[PDB]
Student: 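Questions regarding the structure given below will be posed in turn.
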Amino acid sequence: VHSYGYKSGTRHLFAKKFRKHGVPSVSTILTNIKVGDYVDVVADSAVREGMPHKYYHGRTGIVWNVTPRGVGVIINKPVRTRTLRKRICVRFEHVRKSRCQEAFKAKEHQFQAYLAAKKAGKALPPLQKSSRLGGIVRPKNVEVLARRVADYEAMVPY
Amino acid sequence: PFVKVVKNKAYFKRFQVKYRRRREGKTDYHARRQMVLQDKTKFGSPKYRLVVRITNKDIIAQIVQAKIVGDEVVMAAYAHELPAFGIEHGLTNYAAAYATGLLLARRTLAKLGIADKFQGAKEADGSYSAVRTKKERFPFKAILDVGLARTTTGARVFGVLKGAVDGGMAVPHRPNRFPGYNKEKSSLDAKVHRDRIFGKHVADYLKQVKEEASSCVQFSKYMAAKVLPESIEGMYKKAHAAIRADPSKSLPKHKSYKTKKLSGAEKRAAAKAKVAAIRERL
Amino acid sequence: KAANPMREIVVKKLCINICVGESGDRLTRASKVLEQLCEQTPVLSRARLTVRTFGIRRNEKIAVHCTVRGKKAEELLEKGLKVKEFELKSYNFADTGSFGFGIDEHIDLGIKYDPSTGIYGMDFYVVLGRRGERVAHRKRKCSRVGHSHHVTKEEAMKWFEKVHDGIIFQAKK
Amino acid sequence: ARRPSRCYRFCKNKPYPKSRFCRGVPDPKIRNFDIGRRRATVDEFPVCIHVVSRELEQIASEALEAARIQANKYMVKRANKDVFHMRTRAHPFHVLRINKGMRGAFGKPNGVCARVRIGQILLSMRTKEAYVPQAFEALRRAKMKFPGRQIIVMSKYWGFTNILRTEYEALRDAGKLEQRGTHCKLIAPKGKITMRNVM
RNA sequence: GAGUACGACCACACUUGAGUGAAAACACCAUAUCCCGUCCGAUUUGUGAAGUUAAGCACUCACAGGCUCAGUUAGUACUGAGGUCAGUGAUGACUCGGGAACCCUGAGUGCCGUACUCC
RNA sequence: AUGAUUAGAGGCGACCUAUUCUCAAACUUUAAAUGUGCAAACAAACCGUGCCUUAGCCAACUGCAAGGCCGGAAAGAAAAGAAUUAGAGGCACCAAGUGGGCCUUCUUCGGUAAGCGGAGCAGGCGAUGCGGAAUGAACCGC
RNA sequence: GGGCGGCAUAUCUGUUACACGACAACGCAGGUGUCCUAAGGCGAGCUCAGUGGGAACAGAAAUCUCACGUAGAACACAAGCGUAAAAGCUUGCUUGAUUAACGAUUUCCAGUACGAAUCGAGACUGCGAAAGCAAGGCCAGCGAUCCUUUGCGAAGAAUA
Ligand SMILES: [K+]
Ligand SMILES: [K+]
Ligand SMILES: [K+]
Ligand SMILES: [Mg+2]
Ligand SMILES: [Mg+2]
Ligand SMILES: [Mg+2]
Ligand SMILES: [Mg+2]
Ligand SMILES: [Mg+2]
Ligand SMILES: [Mg+2]
Ligand SMILES: [Mg+2]
Ligand SMILES: [Mg+2]
Ligand SMILES: [Mg+2]
Ligand SMILES: [Mg+2]
Ligand SMILES: [Mg+2]
Ligand SMILES: [Mg+2]
Ligand SMILES: [Mg+2]
Ligand SMILES: [Mg+2]
Ligand SMILES: [Mg+2]
Ligand SMILES: [Mg+2]
Ligand SMILES: [Mg+2]
Ligand SMILES: [Mg+2]
Ligand SMILES: [Mg+2]
Ligand SMILES: [Mg+2]
Ligand SMILES: [Mg+2]
Ligand SMILES: [Mg+2]
Ligand SMILES: [Mg+2]
Ligand code: NA
């Protein structure tokens, strides 16, 4: 970039996708953000108020502050030899609930359910077997792999 | 030819259809987004809208909570339920709007269990008293949702609002749009508003139309019944009393008509038969 | 079903336009003439863009027009077509079901010619339609009118020559 | 005069077309890209002969014009002008600059060239089976005007179409082809059933 | 099996032609004293029920256009890593990995909630 | 789509509609490879009409929000290829030189080019010899 | 080389720039020192650029009317981005361009300042029926020490 304004070099970054223009939906308004929640900081191009800086687009952080119309997010930013915990202030339209701990939460819930079943004496689900093991292979149809003259005749255009 | 076709293939490729309810001309999404909006510091505490919709024949009043899966209607009142209380005609006038708002407020307060705690105005005066809101136990609060209706001085949406306010619910409002409010003087005439609420305008128009009839589309069903212009106010007063007495009452209480869809195989078979017939011709 | 009564063609409105072309005394007199003719207040139409050949400039009131509906519109149309001697040309009809004509002598419409004002002449335009065109002009649930429910040029011509018993020329240009 | 073309070979810069940012570009040397009977129908010229570039390089519009002029001269001398139709495929859209190492050395537009890839067809000639050797010799002489390495091949398609020579006659006789000028489109069983696409 | 009000996702829902639509709706519709607002009761507002499914609306269809999901294009284009590889070069291929796009072709043409109502 | 661009075709010459030749650093529907945030159980997270407080929210509380307290359960993180580590993590204080750089693979801009000028990722030389390419700061090996 | 020229000297947009961020050149294409009591704020209506059909003078182009029109128009000014019951156009009312307890942040960055910007908490308000929106015109449009100069510390009350 030739100048270093606040929104320099955001022509494609702060643009809406094809046929996906418009203001944020009601589902975004009705989302409940709590302090301590993991959120994704994704700028909505059509809001332009409370917009994050381009650096924080696509960053996931933890909410440290909720105001009537804004969200306080802590983002890690590497500066030289250390990482800084940057606190940014954005409107709720530029914030999304982050599924970064979805699999870990599911693992915890599955472990709790497994413990409950083991206490109740219910039969646990069968353990999956490794697909890397050996065995007999019975080929239903066997074909010959070879290079033909027709392959060369085809790869030549015109 | 000679005129460029605007709606060409590229035009349809690049078209972004609006939301279904916007393309149906039903919902103002800017207004809806501002109305369902709440402080993020509330963390999603319940917020209600007083949805007022008026058709050519009925008045629909609902108490609605916004949700991501879809709005939840807590309580609904209808103008066509008024005959159960004594309103046999004019279910779309200002008096019917006030009665529908009163009925919705009474039903909502009964369902929430706070009916005995909040009585509202027993006798309507048309007068404005400011609602008590957070911004002694506070009344149940809903905000008015007029949709796409034109908010003029004396519209029936504000009749429903006034009925709900007198029913016990606390809907934040100012009297600037009640009938009889004087824009120039910045004052409200409670007598004119009460006259509208009890439909003395309807009674006066009925008297005038009947006098002209003696000298018949208008008031045809009013005149078919033996409705007197001097009995309308008492009728609406009795309706108010009955609605307060028991809001839970209403009006006294699968052949397939769809056309089956052809499968893709049937469509292709029909198309092939048609092209084969054309080939046989030529 | 064409025999359905809702398909009857009615005169939606009559639009009378007097394009004086210059603001001032002439436009005031034209507004007075239109007030006498239409029995209602007319409106001045402001210039769109500056055209040197016509003067005109921009945002300057150059014409006075008015919309007439109901019985007054029908009687005004009767007077205007009486002036035209109940003869209209084929190309005077639009493809949208509407037609119009110009009147060159305002004093020919049964209006007194007291010389406080002068002879102006104007533009008559009538819009045919059918009961149901509300759907495309109402605020809520606004939607396009069905294609078949539209009034065509042939339908407008037949309506004109059946109701007012006028003569079409079937010419061009 | 003009610089030797060895200075403007090799495709070293990003494409630099004439636009609202690069004004002052002179017109390309080559103006007409079709010679011979360009209005001949697709059936008239079944043989297509290509000049295919084997190099990633730039070709000036001067070289393109010289090649087309040489090919036309040979075809009209050793044959008739109504028995062939040659098309120049490469278009000179890339602007060359001259700094006429110093400061502020960004140059001015002084020419235009076509950026050419490996396997890109440069010249295509529609002709008949009688005049194939004449077409080959004309395209050899036109190749002599181009920089880099090009090969001359005979296409497997009929004329300038994308329909194979062996199958074109059967497709046309069956009624599966639509004639739109000098190219044809295989009619597809789709869309509204009209007097077309009945097949 | 449908309708209405409020909706969520926002074309599998749009666009263009045609056809069909029980009940109840919805809507066209009638009207202008009052409330209100216009050049114009067209829009809007109030008041109302004589007519109509003609429009809207909803369904159905079209070897329809778009859209959506696939296949193909194609292990191609491109590409991370490697060579005291080839080639004057331009560039290529090879080795260990990743892997597209349009055209073209196949299938499909909304779905899911809350409340009330009709079958 | 926005910009350019060649030629035929079908409905004076345009105009219109289907195509067709050729393109884009300051075009793009689509879209890699390499990347780049966050998470992957010990101050944490999970469970409980559990209890206390609130001048926080909600029409209210048993609901939500926040600080705690008391208990529970803890593959200490299973099985599905289901990590690895010559993995002591943090926290300071006082100071030195340096702030002319050059070369190279790959990417890259200006220039006809240059042992030219200018950048990106990363390795080098500088500061480094040794063994190889006869010879060479930088290539190969180390 | 220097000089002349220019400003790459403070600064904004696109690109170079290699799909996070960052990146040079006297690289490319353009801007800034202003302008606006409305061109700020809000509410409500409405839809734009163009294209056809039609209507005295009137014609390619004056106004009127009906359709189609995904924005191809506008939004002071460069450029992106964004926006259609609006963020555009008309209109009505207004002074949220005022205060704002030394609240906390982003951008440049040494994680210093300045300039711009973001999320707030008070006061008094404006528009709106209301939910709400607004402490300027989103993002460029600006300035230390010292010195000068202006505003605020009304009146009254207190045996302190
Ligand atoms: K050659
Ligand atoms: K502002
Ligand atoms: K100063
Ligand atoms: Mg870019
Ligand atoms: Mg983007
Ligand atoms: Mg509104
Ligand atoms: Mg020489
Ligand atoms: Mg270059
Ligand atoms: Mg009407
Ligand atoms: Mg009406
Ligand atoms: Mg029908
Ligand atoms: Mg199709
Ligand atoms: Mg590579
Ligand atoms: Mg494991
Ligand atoms: Mg030094
Ligand atoms: Mg050097
Ligand atoms: Mg040194
Ligand atoms: Mg050696
Ligand atoms: Mg970047
Ligand atoms: Mg608005
Ligand atoms: Mg501070
Ligand atoms: Mg500052
Ligand atoms: Mg500014
Ligand atoms: Mg405040
Ligand atoms: Mg600005
Ligand atoms: Mg602002
Ligand atoms: Na100073």
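Naming convention: chains lettered A, B, ... in sequence-line order (proteins, then strands); numbering from 1 in each chain.
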Student: When the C1' atoms of G:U63 and G:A74 are compared, how many Å lie between them, rounded to an integer?
Tutor: 23 Å
Student: Is it true that G:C66 and G:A67 stack, with six-membered ring centres under 5.5 angstrom apart and planes under 30°?
Tutor: yes
Student: Hey, would you call E:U73 and E:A74 stacked, ring centres under 5.5 angstrom, planes off by under 30 degrees?
Tutor: yes
Student: If you assign each of B:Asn8 and B:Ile60 to its closest nucleotide in RNA chain E, which residue comes earlier from the 5' end?
Tutor: B:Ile60
Student: Classify the nucleic acid contact of D:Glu57 as base, sugar-phosphate or nothing, counting any heavy atom under 4.0 Å across all strands shown.
Tutor: nothing
Student: Report the relative orientation of the aromatic rings in C:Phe124 and C:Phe101; use parallel for angles under 30°, tilted for 30 to 60°, perpendicular for over 60°.
Tutor: parallel
Student: Applying a 4.0 Å non-hydrogen cut-off, can you work out what A:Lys54 is touching in the nucleic acid: base, sugar-phosphate, or nothing?
Tutor: sugar-phosphate
Student: So, do B:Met169 and B:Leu109 sit near enough that their side-chain heavy atoms are less than 4.5 Å apart?
Tutor: yes
Student: Name the nucleic acid region contacted by C:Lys13, choosing base, sugar-phosphate or nothing; use a 4.0 angstrom heavy-atom cut-off, strictly under.
Tutor: sugar-phosphate
Student: Which value, in whole Å, describes the distance between the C1' atoms of nucleotides G:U105 and G:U70?
Tutor: 39 Å
Student: Taking C-beta and beyond as the side chain, do B:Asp58 and B:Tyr78 meet within less than 4.5 Å on heavy atoms?
Tutor: yes
Student: Under 4.0 angstrom, heavy atoms only, what part of the nucleic acid is B:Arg21 near: base, sugar-phosphate, or nothing?
Tutor: base
Student: Does the pair F:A41 and F:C42 meet both stacking conditions, six-membered ring centres under 5.5 angstrom and ring planes under 30°?
Tutor: no
